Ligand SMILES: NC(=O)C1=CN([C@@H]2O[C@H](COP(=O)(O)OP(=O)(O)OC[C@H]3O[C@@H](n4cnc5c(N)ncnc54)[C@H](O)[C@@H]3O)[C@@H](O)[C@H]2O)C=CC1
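In structure tokens, the next block holds one chain alone, the form solved without the named molecule.
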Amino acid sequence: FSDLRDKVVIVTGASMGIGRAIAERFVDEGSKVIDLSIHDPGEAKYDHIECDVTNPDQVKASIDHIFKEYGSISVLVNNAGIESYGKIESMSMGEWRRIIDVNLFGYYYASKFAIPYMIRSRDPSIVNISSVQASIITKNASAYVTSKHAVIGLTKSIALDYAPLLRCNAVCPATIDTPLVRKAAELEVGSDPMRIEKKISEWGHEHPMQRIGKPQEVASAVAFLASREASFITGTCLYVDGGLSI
């Protein structure tokens, strides 16, 4: 995807799992990849900006800082995988709010402050990823299911409001092999390598593809929707789910 080369791409958390796979892809494409998270992902091919995306003030500044640097913002990839930080475990009513903070409001803040700069740039597209926790098991997954659907609605607003200047799309993954899913397995069956393997195999057979997805497979869809190859695709969710939703 030659068009992605040198475009400024912000991934919100690029240390592990999906965020990492995404980050990897755009680097192979030749982007200026910026990592908006609370952790430096170690690799010196991405540039990290210290920010808690649930805090609007931190997002506001961080975005402006990013724009003073690379003088451009093309792609905004909103994603939440192991930056849902607190006590988890279970809890409930404060936990319900915090999951909505991370999985919805972090998407709104990053979007509200990026849009004004993005429209100034070339081929701006925003790609929103649903939580992997959406289809798994009710610890109490209601907040995940809710903020996934919320994120669709958000995607659809942005799409409609900012066409034809800027594009917006959602990627909706099923269960993907990530630190987040490995944790869910562990909370269900403990920390035995075989038992976690067996459980993950079991979740795989829930999908008609008879396996769970790979982060690389969600990286592809994001790259595609952010690419010029998707220049007429906007306001939609692309299901990367191994045919779970059918």
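Residues that one form lacks are left out of the comparison. The first residue of the shown sequence is 1; numbering continues from there. Between two forms, the rigid core is the largest collection of C-alphas that superpose within 1.5 Å.
This next part talks about the form deposited with the named molecule bound, which is not shown.
Counting atoms of the named molecule, placed from its pose in the entry with it bound by superposing the C-alphas round the site, that lie within 2.4 Å of this form's backbone or C-beta atoms gives 3 or more, so the site is blocked.
Contact with the named molecule in the entry with it bound, judged as any non-hydrogen atom within 4.5 angstroms, is confined among 155-163, 69-77, 125-133, 86-94 to 125-133.
Checked against the named molecule in the entry with it bound, the candidates 143, 150, 176, 115 yield a single residue with a heavy atom inside 4.5 Å, and that residue is 176. Taking the partner from elsewhere, residue 104 is found to have every heavy atom lying beyond 4.5 Å of the named molecule in the entry with it bound.
For the chain shown alone, residue 196 is not a contact residue for the named molecule in the entry with it bound, no non-hydrogen atom being within 4.5 angstroms. The named molecule is not drawn, but in the entry with it bound it has no heavy atom within 4.5 Å of residue 233. When contacts are judged by a 4.5 Å heavy atom cut-off, residue 226 does not count as touching the named molecule in the entry with it bound. The partner is not shown here, but in the entry with it bound the stretch 1-17 reaches within 4.5 angstroms of the named molecule through a heavy atom at 13, 14, 15, 16, 17. Following superposition on the rigid core between this form and the one not shown, the residue from 99, 115, 154, 134 with a C-alpha displacement of 2 angstroms or more is 134, and no other. With the core held fixed, the Cα of residue 81 is displaced between this form and the one not shown by 2 Å or more.
The distance between the CA atoms of residue 137 and residue 156 is at least 3 Å shorter in the entry with it bound than in the form shown here. With a change of no less than 3 Å, the CA-CA distance between residue 134 and residue 153 is smaller in the entry with it bound than in the form shown. Under a 2 Å criterion for C-alpha shift, the consecutive stretches of 3+ residues that differ between this form and the one not shown after core superposition lie at 80-93, 131-140.
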